[PDB]
>>> print(open('upload-v8.txt').read())   # compact mmCIF, C-alpha atoms and all ligand atoms
# COMPACT_ATOMS: atom_id res chain seq x y z
CA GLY A 2 58.54 33.49 -33.91
CA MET A 3 60.21 31.30 -31.29
CA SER A 4 59.50 33.79 -28.47
CA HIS A 5 55.94 34.87 -29.38
CA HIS A 6 53.47 34.28 -26.53
CA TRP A 7 50.28 35.76 -27.91
CA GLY A 8 47.13 33.68 -27.97
CA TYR A 9 43.41 33.97 -27.28
CA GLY A 10 43.39 33.64 -23.49
CA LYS A 11 42.51 36.30 -20.93
CA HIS A 12 46.14 37.17 -20.35
CA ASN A 13 47.48 36.98 -23.91
CA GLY A 14 44.41 37.60 -26.08
CA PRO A 15 43.62 40.27 -28.71
CA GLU A 16 43.54 43.21 -26.26
CA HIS A 17 47.15 42.41 -25.27
CA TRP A 18 48.67 42.03 -28.76
CA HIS A 19 49.56 45.71 -29.20
CA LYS A 20 52.33 45.46 -26.57
CA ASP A 21 54.43 43.14 -28.74
CA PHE A 22 52.82 44.21 -32.05
CA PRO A 23 52.17 48.01 -31.98
CA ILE A 24 50.66 47.86 -35.47
CA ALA A 25 47.62 46.32 -33.71
CA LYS A 26 46.38 49.92 -33.27
CA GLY A 27 47.26 50.76 -36.88
CA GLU A 28 45.29 52.45 -39.63
CA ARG A 29 44.20 49.41 -41.64
CA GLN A 30 43.58 46.63 -39.14
CA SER A 31 41.37 43.58 -39.66
CA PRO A 32 38.84 42.25 -39.14
CA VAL A 33 36.10 44.91 -39.29
CA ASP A 34 32.34 45.09 -39.06
CA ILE A 35 30.82 45.26 -42.53
CA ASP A 36 28.00 47.80 -42.41
CA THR A 37 25.97 46.67 -45.42
CA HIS A 38 24.08 49.90 -45.73
CA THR A 39 27.27 51.98 -45.93
CA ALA A 40 29.28 49.72 -48.25
CA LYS A 41 28.98 51.32 -51.66
CA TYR A 42 28.35 49.35 -54.82
CA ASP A 43 31.33 49.86 -57.15
CA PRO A 44 30.36 49.12 -60.81
CA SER A 45 34.06 49.24 -61.73
CA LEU A 46 34.78 46.09 -59.70
CA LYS A 47 35.37 43.08 -61.96
CA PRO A 48 33.96 39.65 -61.36
CA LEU A 49 36.13 37.66 -58.99
CA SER A 50 38.13 34.83 -60.64
CA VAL A 51 38.81 31.78 -58.48
CA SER A 52 40.64 29.04 -60.39
CA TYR A 53 41.33 26.15 -58.07
CA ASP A 54 41.00 23.29 -60.54
CA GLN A 55 44.77 22.62 -60.35
CA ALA A 56 45.17 23.26 -56.59
CA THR A 57 47.37 20.66 -54.91
CA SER A 58 47.22 20.35 -51.13
CA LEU A 59 50.08 18.86 -49.18
CA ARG A 60 49.47 18.81 -45.51
CA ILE A 61 47.41 19.95 -42.58
CA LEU A 62 48.98 21.50 -39.50
CA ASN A 63 47.82 22.46 -35.99
CA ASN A 64 49.96 25.56 -35.34
CA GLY A 65 48.65 26.33 -31.89
CA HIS A 66 46.12 28.97 -32.98
CA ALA A 67 44.27 27.25 -35.81
CA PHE A 68 44.84 24.46 -38.35
CA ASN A 69 46.19 25.21 -41.80
CA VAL A 70 45.67 23.11 -44.90
CA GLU A 71 48.82 23.96 -46.89
CA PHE A 72 49.22 23.90 -50.65
CA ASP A 73 52.16 23.42 -52.98
CA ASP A 74 52.59 26.93 -54.41
CA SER A 75 55.84 26.31 -56.35
CA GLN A 76 53.95 26.51 -59.66
CA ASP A 77 51.24 28.63 -61.20
CA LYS A 78 48.22 26.72 -59.85
CA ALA A 79 45.19 27.81 -57.78
CA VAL A 80 45.00 31.53 -58.51
CA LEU A 81 42.73 34.32 -57.39
CA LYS A 82 42.50 37.38 -59.62
CA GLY A 83 40.00 39.92 -60.91
CA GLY A 84 37.61 41.52 -58.45
CA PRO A 85 39.50 44.46 -56.90
CA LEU A 86 42.84 42.84 -57.61
CA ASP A 87 45.56 43.85 -60.04
CA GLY A 88 47.68 40.90 -60.99
CA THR A 89 47.49 37.30 -59.90
CA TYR A 90 47.56 35.89 -56.40
CA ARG A 91 48.51 32.30 -55.60
CA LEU A 92 46.87 30.09 -52.93
CA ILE A 93 49.27 29.04 -50.18
CA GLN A 94 46.99 27.92 -47.33
CA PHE A 95 43.51 28.11 -45.82
CA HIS A 96 42.36 27.93 -42.21
CA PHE A 97 39.31 28.87 -40.12
CA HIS A 98 38.47 30.86 -36.97
CA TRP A 99 35.54 29.58 -34.89
CA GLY A 100 33.69 29.92 -31.64
CA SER A 101 32.95 27.99 -28.46
CA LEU A 102 29.28 28.36 -29.46
CA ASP A 103 27.40 28.60 -32.78
CA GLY A 104 26.54 32.22 -31.85
CA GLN A 105 30.10 33.47 -32.33
CA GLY A 106 33.28 32.62 -34.15
CA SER A 107 33.66 34.78 -37.24
CA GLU A 108 36.23 37.58 -37.38
CA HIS A 109 34.40 39.85 -39.77
CA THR A 110 30.83 40.66 -38.83
CA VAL A 111 27.91 41.81 -41.03
CA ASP A 112 25.83 44.57 -39.48
CA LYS A 113 27.30 43.27 -36.18
CA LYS A 114 26.13 39.71 -36.91
CA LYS A 115 28.70 37.05 -35.89
CA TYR A 116 28.74 33.79 -37.88
CA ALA A 117 29.69 30.43 -36.33
CA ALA A 118 33.02 30.47 -38.18
CA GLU A 119 34.99 32.03 -41.00
CA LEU A 120 37.21 30.39 -43.62
CA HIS A 121 40.28 32.29 -44.86
CA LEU A 122 41.82 31.24 -48.22
CA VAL A 123 45.21 32.99 -48.24
CA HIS A 124 46.91 34.02 -51.50
CA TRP A 125 50.12 35.97 -52.25
CA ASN A 126 50.77 38.38 -55.14
CA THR A 127 53.04 36.58 -57.62
CA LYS A 128 54.81 39.79 -58.59
CA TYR A 129 56.66 39.57 -55.25
CA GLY A 130 58.15 36.12 -55.89
CA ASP A 131 57.03 34.38 -52.72
CA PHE A 132 54.87 34.68 -49.63
CA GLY A 133 57.76 35.93 -47.46
CA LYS A 134 58.38 39.02 -49.60
CA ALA A 135 54.69 39.54 -50.35
CA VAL A 136 53.69 40.06 -46.66
CA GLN A 137 56.04 43.05 -46.55
CA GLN A 138 54.00 44.84 -49.25
CA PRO A 139 50.73 46.80 -48.94
CA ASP A 140 49.24 44.74 -51.78
CA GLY A 141 51.08 41.53 -50.96
CA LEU A 142 48.19 39.28 -50.03
CA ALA A 143 44.57 38.67 -50.97
CA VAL A 144 42.53 36.73 -48.44
CA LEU A 145 39.16 35.34 -49.49
CA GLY A 146 36.89 35.15 -46.45
CA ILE A 147 33.81 32.92 -46.35
CA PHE A 148 31.35 32.78 -43.45
CA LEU A 149 30.09 29.46 -42.07
CA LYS A 150 26.66 29.00 -40.53
CA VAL A 151 25.35 25.86 -38.83
CA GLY A 152 22.69 23.96 -40.76
CA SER A 153 23.07 21.38 -43.53
CA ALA A 154 26.48 19.71 -43.71
CA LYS A 155 29.06 20.75 -46.30
CA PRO A 156 30.10 17.45 -48.01
CA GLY A 157 33.29 19.07 -49.23
CA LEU A 158 34.45 19.85 -45.70
CA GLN A 159 34.22 16.32 -44.33
CA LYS A 160 37.74 15.19 -45.31
CA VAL A 161 38.99 18.10 -43.21
CA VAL A 162 36.78 17.19 -40.25
CA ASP A 163 37.87 13.59 -40.30
CA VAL A 164 41.62 14.24 -40.34
CA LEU A 165 41.47 16.61 -37.31
CA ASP A 166 41.70 13.60 -34.98
CA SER A 167 45.33 13.16 -36.14
CA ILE A 168 46.40 16.77 -35.36
CA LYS A 169 44.71 17.36 -32.00
CA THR A 170 47.56 19.35 -30.48
CA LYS A 171 50.01 22.12 -31.36
CA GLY A 172 52.84 21.06 -33.63
CA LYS A 173 51.12 17.99 -35.08
CA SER A 174 50.76 17.70 -38.87
CA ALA A 175 49.40 15.06 -41.23
CA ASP A 176 49.71 14.39 -44.95
CA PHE A 177 46.70 15.92 -46.65
CA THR A 178 46.88 15.57 -50.41
CA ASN A 179 44.29 15.99 -53.11
CA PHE A 180 41.93 18.08 -51.04
CA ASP A 181 39.77 20.20 -53.38
CA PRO A 182 39.08 23.69 -51.97
CA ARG A 183 36.33 24.30 -54.57
CA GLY A 184 34.26 22.14 -52.24
CA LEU A 185 34.24 24.98 -49.70
CA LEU A 186 32.88 27.80 -51.93
CA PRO A 187 29.29 29.06 -51.84
CA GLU A 188 27.22 29.40 -55.03
CA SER A 189 27.58 33.16 -55.44
CA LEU A 190 30.85 35.07 -55.60
CA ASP A 191 29.29 38.46 -54.67
CA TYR A 192 31.59 40.15 -52.18
CA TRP A 193 32.65 43.14 -50.09
CA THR A 194 36.28 44.32 -50.28
CA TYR A 195 38.54 46.67 -48.32
CA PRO A 196 42.25 47.13 -47.43
CA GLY A 197 43.29 45.47 -44.22
CA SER A 198 45.72 43.22 -42.38
CA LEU A 199 46.58 39.79 -41.08
CA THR A 200 44.19 39.11 -38.19
CA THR A 201 46.84 37.40 -36.07
CA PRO A 202 50.31 38.68 -35.04
CA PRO A 203 52.38 40.08 -36.79
CA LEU A 204 49.14 41.80 -37.97
CA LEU A 205 50.93 43.12 -41.08
CA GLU A 206 48.90 45.60 -43.17
CA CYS A 207 49.42 43.70 -46.41
CA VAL A 208 45.98 42.29 -47.18
CA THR A 209 43.32 43.08 -49.72
CA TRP A 210 40.28 41.52 -48.08
CA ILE A 211 37.59 39.92 -50.22
CA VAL A 212 34.67 38.74 -48.08
CA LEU A 213 31.89 36.74 -49.73
CA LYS A 214 28.30 37.73 -48.99
CA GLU A 215 26.96 34.15 -49.20
CA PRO A 216 27.91 31.96 -46.25
CA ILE A 217 28.31 28.22 -46.62
CA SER A 218 26.39 25.86 -44.32
CA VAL A 219 28.19 23.22 -42.25
CA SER A 220 26.59 20.82 -39.78
CA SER A 221 26.56 21.13 -36.04
CA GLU A 222 28.67 17.94 -35.91
CA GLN A 223 31.25 19.34 -38.33
CA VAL A 224 31.91 22.49 -36.29
CA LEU A 225 31.75 20.46 -33.05
CA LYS A 226 34.84 18.60 -34.24
CA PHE A 227 36.72 21.91 -34.72
CA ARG A 228 36.04 22.60 -31.02
CA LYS A 229 37.74 19.38 -29.93
CA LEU A 230 41.13 20.55 -31.15
CA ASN A 231 43.70 21.88 -28.64
CA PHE A 232 45.72 25.16 -28.48
CA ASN A 233 48.27 23.30 -26.33
CA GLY A 234 50.88 20.76 -27.35
CA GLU A 235 50.70 17.10 -26.28
CA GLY A 236 51.49 16.54 -22.62
CA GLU A 237 50.47 20.05 -21.58
CA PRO A 238 47.23 21.09 -19.84
CA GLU A 239 44.34 20.75 -22.28
CA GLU A 240 42.92 24.05 -23.52
CA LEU A 241 40.26 23.58 -26.19
CA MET A 242 40.94 25.46 -29.42
CA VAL A 243 37.80 27.63 -29.47
CA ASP A 244 37.17 31.36 -29.91
CA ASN A 245 40.37 31.85 -31.92
CA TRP A 246 38.90 34.96 -33.55
CA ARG A 247 39.98 38.61 -33.27
CA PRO A 248 37.06 41.05 -32.70
CA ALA A 249 36.17 43.79 -35.19
CA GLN A 250 38.68 46.66 -35.28
CA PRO A 251 38.12 50.41 -35.99
CA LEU A 252 37.39 51.05 -39.68
CA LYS A 253 39.11 54.44 -39.46
CA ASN A 254 39.85 55.97 -42.85
CA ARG A 255 38.54 53.15 -45.06
CA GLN A 256 35.64 52.36 -47.34
CA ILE A 257 34.24 48.90 -47.89
CA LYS A 258 33.13 48.43 -51.50
CA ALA A 259 30.44 45.99 -52.67
CA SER A 260 30.60 44.07 -55.92
CA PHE A 261 26.81 43.94 -56.10
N1 LIG B 301 43.94 35.27 -40.43
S1 LIG B 301 44.59 35.83 -41.78
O1 LIG B 301 44.57 37.26 -41.75
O2 LIG B 301 43.98 35.17 -42.90
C1 LIG B 301 46.29 35.36 -41.80
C2 LIG B 301 46.78 34.68 -42.90
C3 LIG B 301 48.11 34.29 -42.92
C4 LIG B 301 48.94 34.57 -41.85
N2 LIG B 301 50.29 34.15 -41.90
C5 LIG B 301 51.28 34.44 -41.02
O3 LIG B 301 51.13 35.11 -40.00
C6 LIG B 301 52.61 33.79 -41.38
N3 LIG B 301 53.77 34.51 -40.86
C7 LIG B 301 55.01 33.84 -41.27
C8 LIG B 301 56.20 34.53 -40.63
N4 LIG B 301 56.26 35.95 -40.99
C9 LIG B 301 57.36 36.62 -40.25
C10 LIG B 301 58.68 35.88 -40.45
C11 LIG B 301 59.08 35.48 -41.72
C12 LIG B 301 60.32 34.90 -41.92
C13 LIG B 301 61.16 34.68 -40.85
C14 LIG B 301 60.76 35.05 -39.58
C15 LIG B 301 59.53 35.66 -39.38
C16 LIG B 301 57.47 38.08 -40.66
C17 LIG B 301 57.39 39.10 -39.72
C18 LIG B 301 57.48 40.43 -40.11
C19 LIG B 301 57.67 40.75 -41.44
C20 LIG B 301 57.78 39.75 -42.37
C21 LIG B 301 57.68 38.42 -41.98
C22 LIG B 301 54.98 36.62 -40.72
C23 LIG B 301 53.82 35.89 -41.35
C24 LIG B 301 48.44 35.25 -40.75
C25 LIG B 301 47.12 35.67 -40.73
ZN ZN B 302 42.51 33.89 -40.65
>>> encode(input="upload-v8.txt", output="structure tokens")
Amino acid sequence: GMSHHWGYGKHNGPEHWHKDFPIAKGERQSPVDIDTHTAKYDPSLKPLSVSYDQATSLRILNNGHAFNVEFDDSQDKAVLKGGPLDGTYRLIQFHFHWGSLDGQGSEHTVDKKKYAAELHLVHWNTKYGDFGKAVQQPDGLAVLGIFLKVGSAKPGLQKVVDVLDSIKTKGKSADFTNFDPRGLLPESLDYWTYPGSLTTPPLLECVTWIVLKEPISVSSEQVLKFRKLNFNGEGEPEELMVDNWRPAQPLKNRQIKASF
């Protein structure tokens, strides 16, 4: 926490993380490259169930590595279930990873293809009581990943783009209520799924990854605003918050299953 020094620079980036977080070379690390020809269709997978109609956002925060739109998860609202999941998972926050250029930015790749960005909607398994206890369990979290490509703008993302001006640097936060995450979902819920981990330190292996096949389109201007954010705090040398993505990690002993 208070003494972490990892980041995405040349001296503290992904290839350095293993020194302070040995699990970086673990057996179920994320992200991974999704080889579409080797992912096997699994007819037993159930349709994914995303129920965000009662989601209630609270705030948006620049934490030095990305910006998180946080939700009030004190009640049974905004749940992800079905798909490969057993039980119900509650939405706590979402954030993105993006590049310095449209040609890169996503964490997961598809047949080695890198998207301009990737949205992560983070949920914790309610059987563990809260997020803190859930991250210590192999099936503690379910993260819904959605790729972003540059093209037509995503109307639903604009409130996010506009508030970024108020949280330019590390540690800044701004009230951000009534933001509807359903505005960030593609039409189809077809997905790939596999067991993995948090993609940033502590890199805990507590995530069931659900990655949607259909990317959403955002405009060049929308992602350009993401790139104006800073990794640094106010009054420190300006380092643009870009390329805050971890590269694909060894699949090792895992199978990626397709819902289609
Ligand atoms: N991109 S991703 O894979 O979608 C991703 C999503 C959420 C996260 N969230 C976190 O990393 C939040 N931290 C909060 C602090 N946690 C610590 C901790 C908790 C309480 C007090 C002090 C530290 C933690 C470390 C080790 C075990 C359990 C908790 C680790 C998880 C990271 C990556
Ligand atoms: Zn993430």
>>> residues_around(input="upload-v8.txt", residues="residue 182 of chain A", least_positions_apart="2", cutoff="10 Å", atoms="only C-alpha atoms", output="ChimeraX atom specification")
/A:53-54,56-58,70,79,95,122,157-158,179-180,184-186
>>> closest_residue(input="upload-v8.txt", among="A:51, A:167, A:251, A:204", to="residue 23 of chain A", atoms="all atoms listed in the file")
A:204
>>> atom_distance(input="upload-v8.txt", atom1="atom CA of residue 22 of chain A", atom2="atom CA of residue 253 of chain A")
18.6 Å
>>> residues_near_ligand(input="upload-v8.txt", ligand="ligand LIG 301 (chain B)", cutoff="8 Å", atoms="all atoms listed in the file", output="list in words")
residues 2, 31, 94, 95, 96, 97, 98, 121, 122, 123, 133, 134, 136, 137, 144, 146, 198, 199, 200, 201, 202, 203, 204, 205 and 208 of chain A
>>> closest_residue(input="upload-v8.txt", among="A:74, A:42, A:227, A:26", to="residue 166 of chain A", atoms="all atoms listed in the file")
A:227
>>> atom_distance(input="upload-v8.txt", atom1="atom CA of residue 3 of chain A", atom2="atom CA of residue 128 of chain A")
29.1 Å
>>> closest_residue(input="upload-v8.txt", among="A:68, A:125, A:261, A:193", to="ligand ZN 302 (chain B)", atoms="all atoms listed in the file")
A:68
>>> closest_residue(input="upload-v8.txt", among="A:78, A:47, A:29, A:214", to="residue 252 of chain A", atoms="only C-alpha atoms")
A:29
>>> atom_distance(input="upload-v8.txt", atom1="atom CA of residue 124 of chain A", atom2="atom CA of residue 55 of chain A")
14.6 Å
>>> closest_residue(input="upload-v8.txt", among="A:81, A:257, A:243, A:25", to="residue 37 of chain A", atoms="all atoms listed in the file")
A:257
>>> closest_residue(input="upload-v8.txt", among="A:162, A:230, A:217, A:145", to="ligand ZN 302 (chain B)", atoms="only C-alpha atoms and all ligand atoms")
A:145
>>> residues_around(input="upload-v8.txt", residues="segment 106-117 of chain A", least_positions_apart="3", cutoff="9 Å", atoms="only C-alpha atoms", output="ChimeraX atom specification")
/A:31-38,97-103,120,146,148-151,200,212,214,216,224,243-249
>>> residues_around(input="upload-v8.txt", residues="residue 152 of chain A", least_positions_apart="6", cutoff="8 Å", atoms="only C-alpha atoms", output="PyMOL selection string")
chain A and resi 218-221
>>> residues_around(input="upload-v8.txt", residues="residue 233 of chain A", least_positions_apart="3", cutoff="12 Å", atoms="only C-alpha atoms", output="list in words")
residues 8, 9, 10, 63, 64, 65, 66, 67, 168, 169, 170, 171, 172, 173, 229, 230, 236, 237, 238, 239, 240, 241, 242 and 243 of chain A
>>> decode(input="upload-v8.txt", residues="segment 157-242 of chain A", atoms="C-alpha atoms", output="compact mmCIF listing (two decimals), in the first residue's frame")
# COMPACT_ATOMS: atom_id res chain seq x y z
CA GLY A 157 -22.87 6.57 -22.67
CA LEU A 158 -19.19 7.22 -22.03
CA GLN A 159 -19.29 10.99 -22.40
CA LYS A 160 -20.14 11.81 -18.77
CA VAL A 161 -16.95 9.95 -17.86
CA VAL A 162 -14.88 11.82 -20.46
CA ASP A 163 -16.13 15.18 -19.33
CA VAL A 164 -15.42 14.71 -15.61
CA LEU A 165 -11.77 13.65 -16.22
CA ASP A 166 -10.74 17.32 -16.27
CA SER A 167 -11.48 17.45 -12.52
CA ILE A 168 -9.26 14.44 -11.61
CA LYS A 169 -6.18 15.09 -13.77
CA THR A 170 -3.66 13.93 -11.17
CA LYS A 171 -3.09 11.14 -8.66
CA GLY A 172 -5.19 11.38 -5.52
CA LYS A 173 -7.91 13.61 -6.99
CA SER A 174 -11.54 12.45 -6.81
CA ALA A 175 -14.88 13.95 -7.79
CA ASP A 176 -18.50 13.19 -6.95
CA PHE A 177 -19.88 11.01 -9.71
CA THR A 178 -23.44 9.93 -9.01
CA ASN A 179 -26.11 8.43 -11.19
CA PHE A 180 -23.74 7.17 -13.85
CA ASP A 181 -25.37 4.23 -15.69
CA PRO A 182 -22.86 1.50 -16.61
CA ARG A 183 -25.39 -0.15 -18.97
CA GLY A 184 -24.34 2.63 -21.32
CA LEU A 185 -20.95 0.95 -21.73
CA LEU A 186 -22.11 -2.55 -22.81
CA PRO A 187 -22.04 -3.83 -26.39
CA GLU A 188 -25.11 -5.42 -27.99
CA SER A 189 -24.02 -9.05 -27.62
CA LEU A 190 -23.00 -10.74 -24.38
CA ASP A 191 -21.08 -13.60 -26.10
CA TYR A 192 -17.86 -14.13 -24.20
CA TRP A 193 -14.68 -16.08 -23.47
CA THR A 194 -13.92 -17.09 -19.87
CA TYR A 195 -10.93 -18.44 -17.93
CA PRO A 196 -9.44 -18.37 -14.40
CA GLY A 197 -6.98 -15.59 -13.79
CA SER A 198 -5.82 -12.72 -11.62
CA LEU A 199 -5.81 -9.01 -10.91
CA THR A 200 -3.73 -7.41 -13.68
CA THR A 201 -2.08 -4.91 -11.32
CA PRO A 202 -0.19 -5.57 -8.05
CA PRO A 203 -0.98 -7.44 -5.77
CA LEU A 204 -1.85 -9.60 -8.83
CA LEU A 205 -3.97 -11.92 -6.64
CA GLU A 206 -5.21 -15.08 -8.39
CA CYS A 207 -8.84 -14.52 -7.40
CA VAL A 208 -10.53 -13.64 -10.68
CA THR A 209 -12.92 -15.43 -12.96
CA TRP A 210 -12.41 -13.50 -16.18
CA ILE A 211 -15.34 -12.94 -18.52
CA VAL A 212 -14.21 -11.17 -21.71
CA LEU A 213 -16.86 -10.05 -24.20
CA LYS A 214 -16.29 -10.83 -27.87
CA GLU A 215 -18.01 -7.65 -29.12
CA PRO A 216 -16.00 -4.48 -28.57
CA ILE A 217 -17.70 -1.14 -28.08
CA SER A 218 -16.74 1.83 -30.27
CA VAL A 219 -15.59 5.12 -28.75
CA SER A 220 -14.46 8.21 -30.65
CA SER A 221 -10.91 9.32 -31.21
CA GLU A 222 -11.71 12.41 -29.10
CA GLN A 223 -13.06 10.31 -26.22
CA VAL A 224 -9.91 8.19 -25.90
CA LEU A 225 -7.73 11.27 -26.48
CA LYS A 226 -9.10 12.69 -23.23
CA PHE A 227 -8.04 9.52 -21.34
CA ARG A 228 -4.48 10.23 -22.55
CA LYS A 229 -4.46 13.70 -20.98
CA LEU A 230 -4.68 12.29 -17.46
CA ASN A 231 -1.54 12.11 -15.29
CA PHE A 232 0.11 9.22 -13.35
CA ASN A 233 1.72 11.85 -11.11
CA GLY A 234 0.19 13.94 -8.35
CA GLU A 235 -0.23 17.71 -8.63
CA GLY A 236 3.02 19.64 -8.35
CA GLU A 237 5.15 16.74 -9.55
CA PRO A 238 6.70 16.29 -13.02
CA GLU A 239 3.95 15.57 -15.54
CA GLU A 240 3.86 11.99 -16.81
CA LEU A 241 0.89 11.31 -19.06
CA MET A 242 -1.28 8.39 -17.96
